[PDB]
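For reference, the structure is listed below as structure tokens.
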Amino acid sequence: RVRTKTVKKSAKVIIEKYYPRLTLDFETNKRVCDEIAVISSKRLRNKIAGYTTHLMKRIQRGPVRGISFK
Amino acid sequence: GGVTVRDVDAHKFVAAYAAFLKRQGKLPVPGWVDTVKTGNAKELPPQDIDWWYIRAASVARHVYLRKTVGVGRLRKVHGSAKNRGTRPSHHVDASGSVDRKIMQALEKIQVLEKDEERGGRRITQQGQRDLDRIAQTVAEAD
Amino acid sequence: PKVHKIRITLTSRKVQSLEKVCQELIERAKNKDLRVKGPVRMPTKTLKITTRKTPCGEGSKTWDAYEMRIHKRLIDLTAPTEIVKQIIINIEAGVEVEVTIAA
Amino acid sequence: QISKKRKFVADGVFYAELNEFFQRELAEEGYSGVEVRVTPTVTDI
Amino acid sequence: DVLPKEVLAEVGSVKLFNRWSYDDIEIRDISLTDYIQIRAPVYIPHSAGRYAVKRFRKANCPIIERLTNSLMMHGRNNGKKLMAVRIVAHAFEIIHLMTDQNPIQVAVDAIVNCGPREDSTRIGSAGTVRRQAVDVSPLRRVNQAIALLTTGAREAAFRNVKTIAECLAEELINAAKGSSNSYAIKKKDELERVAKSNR
Amino acid sequence: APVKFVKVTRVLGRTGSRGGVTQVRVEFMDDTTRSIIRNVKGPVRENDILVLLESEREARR
Amino acid sequence: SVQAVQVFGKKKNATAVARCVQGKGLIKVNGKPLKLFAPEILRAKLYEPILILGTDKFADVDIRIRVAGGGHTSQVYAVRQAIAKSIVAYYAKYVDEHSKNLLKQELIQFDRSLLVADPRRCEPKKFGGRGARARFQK
Amino acid sequence: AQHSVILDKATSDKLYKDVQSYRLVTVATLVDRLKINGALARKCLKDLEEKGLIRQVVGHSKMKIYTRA
Amino acid sequence: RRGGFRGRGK
Amino acid sequence: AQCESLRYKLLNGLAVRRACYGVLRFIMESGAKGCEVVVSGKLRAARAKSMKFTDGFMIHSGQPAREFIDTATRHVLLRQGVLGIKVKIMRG
RNA sequence: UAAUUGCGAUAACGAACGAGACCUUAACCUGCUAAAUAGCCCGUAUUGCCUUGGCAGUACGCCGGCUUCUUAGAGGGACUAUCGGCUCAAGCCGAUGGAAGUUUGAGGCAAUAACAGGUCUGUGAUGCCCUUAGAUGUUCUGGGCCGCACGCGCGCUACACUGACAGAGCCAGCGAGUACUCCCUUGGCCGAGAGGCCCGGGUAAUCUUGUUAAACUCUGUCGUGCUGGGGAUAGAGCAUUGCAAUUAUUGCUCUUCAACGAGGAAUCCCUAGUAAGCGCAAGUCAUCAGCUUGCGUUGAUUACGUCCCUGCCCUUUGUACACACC
Ligand SMILES: [Mg+2]
Ligand SMILES: [Mg+2]
Ligand SMILES: [Mg+2]
Ligand SMILES: [Mg+2]
Ligand SMILES: [Mg+2]
Ligand SMILES: [Mg+2]
Ligand SMILES: [Mg+2]
């Protein structure tokens, strides 16, 4: 269960471009991503929302190298 | 309370109706007994002597539960597998004359009548009352 | 002007064009104050063909299954005979329509 | 008067007939596919 | 009314199998519990379980059902649980008449006593065997005990006038004690002897 | 024979030429201090209980 | 008006539709009573959902079920699966659930499958089930 | 190997003095030690059942078992 | 008795 | 269509590579993100071989190869034998 | 990590294929849009039994109501969500909830460079050579491709009591069907049987078809004897298909009653609705399945590992090999 580069890049760019509007809850990010992005797959949208909600859990507790937001 | 065919066990009920039909003892027989195979797939005649009467009782039992039935349908209803030799077995139907005439005789005993409007044979007003009457004979027999 | 309770049957392999054909037909009929009956959902007709894949018989033995699907999506209406002629106009390619007066 | 299931194969073969003939005839004129629309009592290509 | 008069007798009391109880279980040893499951009684063994998906999921599964599965073997008898279940019930009825004790009382002691404790392992020696005589885990012990009991009945009843209904019963009653005249005992002691030699 | 009861406390990989045997650390359940290393043929979980005919023999590593 | 609820149960290919209507304590399956419709040894496998709950809680409930498709053990598993939804839907919808929750917890601790179905069907392959044909010389 | 299709007094006396002590009586037991045919054993079950000496435990079309009274 | 090909040695 | 253009140019006397190379430029101005041409047969020798020319992007695996890819193949007759041509174009 | 799948260190930076993504299908919806070629409730007439007020069946309704069950559209639904114990990270293990927690299950498609692999007997795809009117072209009659002292492969039926035989009980799914000539076939009659005759339905969710298949369940007969297990071989008789049935195309009845007691050295396939048991539909077809491709019924023991044999991938290393340890 390892996520590919397309999700890695999309999750990083969404997080750094739009940090505050989305939170640790997975359900909210599910509807946040597809409204502000053009994605051709439902499961891929789930892939992004699931991994992207993981990042803020560890950002909330200490910063992490390789990610920078406004 | 009142009981019907559905309220009694099938195995003992058909035996009871065979015993009841013993006492009337009036169904024509064209002499086919003791000579017929009762089915192409089969090889030996039934051992018990009144198979002509038990089969007719069971046929009248199932026609009570079915709305329209013919000889062709009963042909495959009573069929079974046949040992073709070294080839794998298949499904083939029973003999036609035996099943046709055993129920052709059953109309004139006033149990069921013809259904020429759409086909087949259906059960008659007073015909169903015969199978109904034995239901009470068996129900409180317990 | 005698109503005849027409019924029309449709057939196609693709699904979206046929669906939008019925989708556009239904408002054209409801807005004229015509009693319309719903778009019933007929079973899909699936067809398959199996043949040997290799053309010579050498090597390993492998099969493939071609297939084809057909849908009907029939609709009926209660209207006079002449009015239905102008209501089934402007149909696109592929979809074939057959009309039955059912008088 | 034929069933729909056999009709949908017969007209597919009809399309195949038109497509195959056109390669053998109009190859010089830059042929690239066709499409057929069937209407009652008249057809277009 | 809606229930048979037979089952109306047992409905008043605590739930158990209709013919025989599941109470008063043996106190004889340890290391075989936690792998024989008797806390949940069942009327008939037959059940469409999910016991073949994980490693130890089959450890919490009725033993009687395990016997039913092992009872059907040798090609022809695959999937015939209707045929097997009557045989198990009849064997449990037969063993009750030769001994007033509970049929599960005898069956449990048969399994807990007919399990081998040592086995020989295959270690390569370039054509020779360096049998190290390892021990056997409890789950493997009950697994082999079931197999020996069922294959004994099938071999004994093969081409004999006796029937498997009481053929199965007689090993269980024989194996309840140290009878030593059963097929299962022949293999269990034979295997222990070869492990003793190969120590 | 004075047969003894032992219980497994930890599993340490799978040894043997064919993976049938496993090497475990056992506990004698009579002197809780004592603990040795043995080999087992079947599947083993934590807190399982084994029956040992002879305890003096020891296994590799 | 009349109190009634409809539930359904499924198996591999066995569909068992049930109708629960407020009645007087009568139970019949496929029209015939429970004495008949089952194989003899599996006759035990139909009455447990009743006895585990108690006949006293079946005072004014009537159930009629129609079942078709599948095999012999499939029908008895479908009808036994349908009973749980019929009884729990009628109690949940029409009477206080103080009973319903204790019935549900007690029955599911005995058996979880009473409320959910088990999905199992076959897989197509180009040699049979899962095995290939015999090889000549490997 | 061969059994007896007819029952004589030499075998008849064995029944009425031994079945009072048998714990189980089955077709296998009779064909085993009485040296009688299976058909005769089945006859013996039904003839002696009505005499009031054995009681039914389980009945089946393939095997039947009887015990003491 | 046995063929010597296939380059097996000693 | 380009496949026939290549067939005509190779049917008349012309270098096989020059005819194939001209196609790649003719494809590129139209706006295709990639193309591939395959030529097989007797390349001026008794033994036969094949050559492939490729540029831009390429897909092989998914069903998008079924629609996003336009493919064609033709046979051309020469004085000595037969030559095969396969052309694929991906349109965005 | 299933993966050149990633975390990262870095004389490399940035990219292109393959994997993944993707498509079909099997699992959830008492929520939306609905349906007389699919059902339920309801209302009439009508039948039987208790008689009750009830229970079990029939026929009708076409705006009486509804879509849970049957059906296919638009969408929702799993993401490893939550929790515990490891780790900086990627990740792994267990539990709860949930229809579903191996990538949820199974498939389709699927890289570079290649083989003296197969096919000229699929093609009006094709070079060269050959015979072309005593024809290797075409066409008509008859025979042969099946001919048998022997060795080898893929299968079918069995060696029986966990069985055979006889009556009764009684449950599926995927599919197919009418021409310029009859294609699946209901019902009625005759006929031991195979078959024959007469009305009629269906170009098909409407009729065949509920394809009420087999296995299986209950009640009896036989009684371990190669016997009522087993059906090779052969005689006589009756029929259908076709222009034509002999070396019988096939089907049915009587009789004949072989070998075969779980199989040596060797050897194949397989991890859950899976193995095995059993049948059905379609293909070739005027008739013939012991063959293949799919569909459903009943439904298991044991493992959740390792590189020992037979093989695959990466790195270091050795070489007198490069047709490459044949
Ligand atoms: Mg790709
Ligand atoms: Mg892929
Ligand atoms: Mg490849
Ligand atoms: Mg014989
Ligand atoms: Mg066929
Ligand atoms: Mg050296
Ligand atoms: Mg080197």
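Going by the structure tokens order, chains are called A, B, ..., each with residues numbered from 1, while ligands are numbered from 1 in the order shown.
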Those of segment 4-54 of chain H in DSSP helix (DSSP H, G or I), formatted as a PyMOL selection string: chain H and resi 9-18+27-34+38-49
Using N, CA and C atoms, can you write the selected residues to a file as a PDB file, in the first residue's frame?
ATOM      1  N   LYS H   9     -33.960 -75.233  15.320  1.00  0.00           N
ATOM      2  CA  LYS H   9     -34.017 -75.152  16.781  1.00  0.00           C
ATOM      3  C   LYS H   9     -32.646 -74.924  17.413  1.00  0.00           C
ATOM      4  N   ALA H  10     -31.582 -75.412  16.760  1.00  0.00           N
ATOM      5  CA  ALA H  10     -30.220 -75.224  17.256  1.00  0.00           C
ATOM      6  C   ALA H  10     -29.817 -73.761  17.275  1.00  0.00           C
ATOM      7  N   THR H  11     -30.433 -72.937  16.435  1.00  0.00           N
ATOM      8  CA  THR H  11     -30.163 -71.511  16.469  1.00  0.00           C
ATOM      9  C   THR H  11     -31.276 -70.750  17.168  1.00  0.00           C
ATOM     10  N   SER H  12     -32.494 -71.295  17.137  1.00  0.00           N
ATOM     11  CA  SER H  12     -33.632 -70.658  17.785  1.00  0.00           C
ATOM     12  C   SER H  12     -33.413 -70.540  19.284  1.00  0.00           C
ATOM     13  N   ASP H  13     -32.895 -71.603  19.911  1.00  0.00           N
ATOM     14  CA  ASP H  13     -32.669 -71.549  21.353  1.00  0.00           C
ATOM     15  C   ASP H  13     -31.662 -70.470  21.744  1.00  0.00           C
ATOM     16  N   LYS H  14     -30.714 -70.146  20.859  1.00  0.00           N
ATOM     17  CA  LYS H  14     -29.711 -69.129  21.175  1.00  0.00           C
ATOM     18  C   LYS H  14     -30.345 -67.763  21.429  1.00  0.00           C
ATOM     19  N   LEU H  15     -31.373 -67.420  20.651  1.00  0.00           N
ATOM     20  CA  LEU H  15     -32.021 -66.116  20.771  1.00  0.00           C
ATOM     21  C   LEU H  15     -32.650 -65.938  22.145  1.00  0.00           C
ATOM     22  N   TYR H  16     -33.611 -66.792  22.488  1.00  0.00           N
ATOM     23  CA  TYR H  16     -34.472 -66.497  23.621  1.00  0.00           C
ATOM     24  C   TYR H  16     -33.743 -66.624  24.950  1.00  0.00           C
ATOM     25  N   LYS H  17     -32.491 -67.086  24.948  1.00  0.00           N
ATOM     26  CA  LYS H  17     -31.684 -67.086  26.157  1.00  0.00           C
ATOM     27  C   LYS H  17     -30.488 -66.139  26.090  1.00  0.00           C
ATOM     28  N   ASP H  18     -30.199 -65.529  24.933  1.00  0.00           N
ATOM     29  CA  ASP H  18     -29.055 -64.627  24.834  1.00  0.00           C
ATOM     30  C   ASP H  18     -29.455 -63.168  24.659  1.00  0.00           C
ATOM     31  N   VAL H  27     -27.948 -56.138  12.900  1.00  0.00           N
ATOM     32  CA  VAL H  27     -27.750 -57.082  11.808  1.00  0.00           C
ATOM     33  C   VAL H  27     -26.308 -57.567  11.785  1.00  0.00           C
ATOM     34  N   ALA H  28     -25.351 -56.671  12.057  1.00  0.00           N
ATOM     35  CA  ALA H  28     -23.955 -57.086  12.044  1.00  0.00           C
ATOM     36  C   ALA H  28     -23.679 -58.094  13.150  1.00  0.00           C
ATOM     37  N   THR H  29     -24.250 -57.886  14.340  1.00  0.00           N
ATOM     38  CA  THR H  29     -23.975 -58.805  15.440  1.00  0.00           C
ATOM     39  C   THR H  29     -24.539 -60.184  15.129  1.00  0.00           C
ATOM     40  N   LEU H  30     -25.783 -60.229  14.633  1.00  0.00           N
ATOM     41  CA  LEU H  30     -26.374 -61.530  14.341  1.00  0.00           C
ATOM     42  C   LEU H  30     -25.635 -62.242  13.215  1.00  0.00           C
ATOM     43  N   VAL H  31     -25.306 -61.531  12.126  1.00  0.00           N
ATOM     44  CA  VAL H  31     -24.560 -62.192  11.059  1.00  0.00           C
ATOM     45  C   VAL H  31     -23.164 -62.570  11.535  1.00  0.00           C
ATOM     46  N   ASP H  32     -22.674 -61.915  12.588  1.00  0.00           N
ATOM     47  CA  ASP H  32     -21.329 -62.175  13.081  1.00  0.00           C
ATOM     48  C   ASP H  32     -21.292 -63.474  13.874  1.00  0.00           C
ATOM     49  N   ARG H  33     -22.061 -63.535  14.959  1.00  0.00           N
ATOM     50  CA  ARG H  33     -21.953 -64.662  15.879  1.00  0.00           C
ATOM     51  C   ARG H  33     -23.049 -65.708  15.726  1.00  0.00           C
ATOM     52  N   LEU H  34     -24.246 -65.339  15.271  1.00  0.00           N
ATOM     53  CA  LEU H  34     -25.272 -66.351  15.058  1.00  0.00           C
ATOM     54  C   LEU H  34     -25.066 -67.138  13.772  1.00  0.00           C
ATOM     55  N   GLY H  38     -28.245 -62.135   6.500  1.00  0.00           N
ATOM     56  CA  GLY H  38     -28.722 -60.802   6.836  1.00  0.00           C
ATOM     57  C   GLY H  38     -30.227 -60.683   6.701  1.00  0.00           C
ATOM     58  N   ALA H  39     -30.795 -61.333   5.684  1.00  0.00           N
ATOM     59  CA  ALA H  39     -32.242 -61.327   5.515  1.00  0.00           C
ATOM     60  C   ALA H  39     -32.932 -61.976   6.708  1.00  0.00           C
ATOM     61  N   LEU H  40     -32.408 -63.111   7.176  1.00  0.00           N
ATOM     62  CA  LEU H  40     -32.967 -63.726   8.376  1.00  0.00           C
ATOM     63  C   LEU H  40     -32.775 -62.843   9.596  1.00  0.00           C
ATOM     64  N   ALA H  41     -31.648 -62.137   9.684  1.00  0.00           N
ATOM     65  CA  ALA H  41     -31.451 -61.257  10.827  1.00  0.00           C
ATOM     66  C   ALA H  41     -32.512 -60.167  10.839  1.00  0.00           C
ATOM     67  N   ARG H  42     -32.777 -59.580   9.670  1.00  0.00           N
ATOM     68  CA  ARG H  42     -33.818 -58.566   9.578  1.00  0.00           C
ATOM     69  C   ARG H  42     -35.178 -59.151   9.924  1.00  0.00           C
ATOM     70  N   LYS H  43     -35.445 -60.388   9.494  1.00  0.00           N
ATOM     71  CA  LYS H  43     -36.683 -61.038   9.912  1.00  0.00           C
ATOM     72  C   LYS H  43     -36.751 -61.181  11.428  1.00  0.00           C
ATOM     73  N   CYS H  44     -35.634 -61.566  12.057  1.00  0.00           N
ATOM     74  CA  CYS H  44     -35.604 -61.740  13.507  1.00  0.00           C
ATOM     75  C   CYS H  44     -35.861 -60.442  14.255  1.00  0.00           C
ATOM     76  N   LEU H  45     -35.462 -59.306  13.678  1.00  0.00           N
ATOM     77  CA  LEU H  45     -35.732 -58.053  14.380  1.00  0.00           C
ATOM     78  C   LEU H  45     -37.228 -57.788  14.428  1.00  0.00           C
ATOM     79  N   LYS H  46     -37.923 -58.027  13.320  1.00  0.00           N
ATOM     80  CA  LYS H  46     -39.328 -57.664  13.266  1.00  0.00           C
ATOM     81  C   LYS H  46     -40.182 -58.716  13.958  1.00  0.00           C
ATOM     82  N   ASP H  47     -39.807 -59.994  13.880  1.00  0.00           N
ATOM     83  CA  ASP H  47     -40.622 -60.996  14.553  1.00  0.00           C
ATOM     84  C   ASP H  47     -40.493 -60.842  16.065  1.00  0.00           C
ATOM     85  N   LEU H  48     -39.267 -60.622  16.572  1.00  0.00           N
ATOM     86  CA  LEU H  48     -39.108 -60.486  18.014  1.00  0.00           C
ATOM     87  C   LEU H  48     -39.511 -59.114  18.554  1.00  0.00           C
ATOM     88  N   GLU H  49     -39.620 -58.072  17.716  1.00  0.00           N
ATOM     89  CA  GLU H  49     -39.995 -56.767  18.262  1.00  0.00           C
ATOM     90  C   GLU H  49     -41.396 -56.797  18.866  1.00  0.00           C
TER      91      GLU H  49
END
Find the residues around residue 122 of chain G up to 10 Å (only C-alpha atoms (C1' of nucleotides) counted), leave out those fewer than 5 positions away in its own chain, and share them as a PyMOL selection string. (chain G and resi 12+129) or (chain K and resi 26+106+273-274+295-296)
Within 10 Å of residue 16 of chain B using only C-alpha atoms (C1' of nucleotides), minus same-chain residues under 4 positions, as a ChimeraX atom specification: /B:10-12,20-22,54,57,134-135,137-138
Export, as a short mmCIF file (atom, residue, chain, number, x, y, z; two decimals), in the first residue's frame, the selected residues with C-alpha atoms.
data_model
loop_
_atom_site.label_atom_id
_atom_site.label_comp_id
_atom_site.auth_asym_id
_atom_site.auth_seq_id
_atom_site.Cartn_x
_atom_site.Cartn_y
_atom_site.Cartn_z
CA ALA B 10 -46.55 -36.29 1.83
CA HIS B 11 -45.05 -39.75 2.36
CA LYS B 12 -47.63 -41.00 4.85
CA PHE B 20 -58.48 -45.53 1.20
CA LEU B 21 -58.59 -46.30 -2.53
CA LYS B 22 -58.24 -49.97 -1.59
CA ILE B 54 -50.00 -45.56 -5.41
CA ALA B 57 -52.73 -41.33 -5.79
CA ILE B 134 -58.83 -37.82 3.89
CA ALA B 135 -56.98 -34.84 5.36
CA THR B 137 -58.94 -38.68 8.57
CA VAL B 138 -55.18 -38.32 8.97
#
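Here atom CA of residue 22 of chain D stands at a distance of 19.3 Å from atom CA of residue 85 of chain J.
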Long-range neighbours of residue 81 of chain B as a PDB file with C-alpha atoms (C1' of nucleotides), in the first residue's frame, 9 Å cut-off, only C-alpha atoms (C1' of nucleotides), 4 positions minimum in chain:
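Generated file (part38.pdb):
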ATOM      1  CA  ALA B  41     -34.043 -45.374 -18.127  1.00  0.00           C
ATOM      2  CA  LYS B  42     -35.237 -48.133 -15.785  1.00  0.00           C
ATOM      3  CA  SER B  89     -25.107 -40.756 -17.923  1.00  0.00           C
ATOM      4  CA  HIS B  90     -27.745 -38.211 -18.933  1.00  0.00           C
ATOM      5  CA  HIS B  91     -31.377 -37.397 -18.123  1.00  0.00           C
ATOM      6  CA  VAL B  92     -34.206 -39.096 -20.026  1.00  0.00           C
ATOM      7  CA  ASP B  93     -37.944 -39.240 -19.396  1.00  0.00           C
TER       8      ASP B  93
ATOM      9  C1'   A K 214     -28.399 -34.347 -11.409  1.00  0.00           C
TER      10        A K 214
END
For ligand 6, return the neighbouring residues as a list in words (distance at most 12 Å; only C-alpha atoms (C1' of nucleotides) and all ligand atoms). residues 317, 318, 319 and 320 of chain K
Using N, CA, C and O atoms (P, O5', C5', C4', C3', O3' and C1' of nucleotides), can you write the selected residues to a file as a PDB file, in the first residue's frame?
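Once everything was written out, this is again_19.pdb:
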ATOM      1  P     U K 317      34.114  -6.638  -8.421  1.00  0.00           P
ATOM      2  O5'   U K 317      34.414  -8.199  -8.354  1.00  0.00           O
ATOM      3  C5'   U K 317      35.257  -8.726  -7.342  1.00  0.00           C
ATOM      4  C4'   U K 317      35.283 -10.230  -7.371  1.00  0.00           C
ATOM      5  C3'   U K 317      35.848 -10.854  -8.633  1.00  0.00           C
ATOM      6  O3'   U K 317      37.262 -10.843  -8.654  1.00  0.00           O
ATOM      7  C1'   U K 317      33.857 -11.969  -8.025  1.00  0.00           C
ATOM      8  P     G K 318      38.039 -10.721 -10.051  1.00  0.00           P
ATOM      9  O5'   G K 318      38.000 -12.201 -10.629  1.00  0.00           O
ATOM     10  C5'   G K 318      38.794 -13.226 -10.054  1.00  0.00           C
ATOM     11  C4'   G K 318      38.542 -14.546 -10.731  1.00  0.00           C
ATOM     12  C3'   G K 318      38.701 -14.539 -12.241  1.00  0.00           C
ATOM     13  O3'   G K 318      40.054 -14.661 -12.634  1.00  0.00           O
ATOM     14  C1'   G K 318      36.688 -15.633 -11.662  1.00  0.00           C
ATOM     15  P     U K 319      40.575 -13.970 -13.982  1.00  0.00           P
ATOM     16  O5'   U K 319      39.979 -14.906 -15.120  1.00  0.00           O
ATOM     17  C5'   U K 319      40.443 -16.239 -15.260  1.00  0.00           C
ATOM     18  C4'   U K 319      39.619 -17.015 -16.253  1.00  0.00           C
ATOM     19  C3'   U K 319      39.514 -16.409 -17.640  1.00  0.00           C
ATOM     20  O3'   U K 319      40.659 -16.678 -18.427  1.00  0.00           O
ATOM     21  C1'   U K 319      37.372 -17.097 -16.913  1.00  0.00           C
ATOM     22  P     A K 320      41.037 -15.737 -19.671  1.00  0.00           P
ATOM     23  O5'   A K 320      41.469 -16.775 -20.793  1.00  0.00           O
ATOM     24  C5'   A K 320      41.316 -16.479 -22.176  1.00  0.00           C
ATOM     25  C4'   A K 320      41.385 -17.734 -23.006  1.00  0.00           C
ATOM     26  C3'   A K 320      40.173 -18.650 -22.878  1.00  0.00           C
ATOM     27  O3'   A K 320      39.988 -19.361 -24.099  1.00  0.00           O
ATOM     28  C1'   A K 320      42.095 -19.774 -22.086  1.00  0.00           C
TER      29        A K 320
END
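Using only C-alpha atoms (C1' of nucleotides) and all ligand atoms as the basis for the distance check, residues found within 10 Å of ligand 3 are residues 18, 110, 111 and 112 of chain K.
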8 Å contact set for residue 87 of chain B, only C-alpha atoms (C1' of nucleotides), chain neighbours under 2 positions out, as a PyMOL selection string: (chain B and resi 84-85+89) or (chain K and resi 156-157+290)
Contacts of segment 21-33 of chain F at 7 Å or less, counting only C-alpha atoms (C1' of nucleotides), minus same-chain residues fewer than 2 places along, as a list in words? residues 5, 6, 7, 8, 9, 10, 11, 12, 13, 14, 15, 16, 19, 35, 36, 37, 38, 39, 40 and 41 of chain F
Env. residues ligand 2 / 12 Å / only C-alpha atoms (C1' of nucleotides) and all ligand atoms / as a ChimeraX atom specification: /J:59-64 /K:3,18-23,103,107-110
Interface list for chain E, partner chain G, 8 Å threshold, only C-alpha atoms, as a PyMOL selection string: chain E and resi 2-3+11+40+43-44+82+85-86
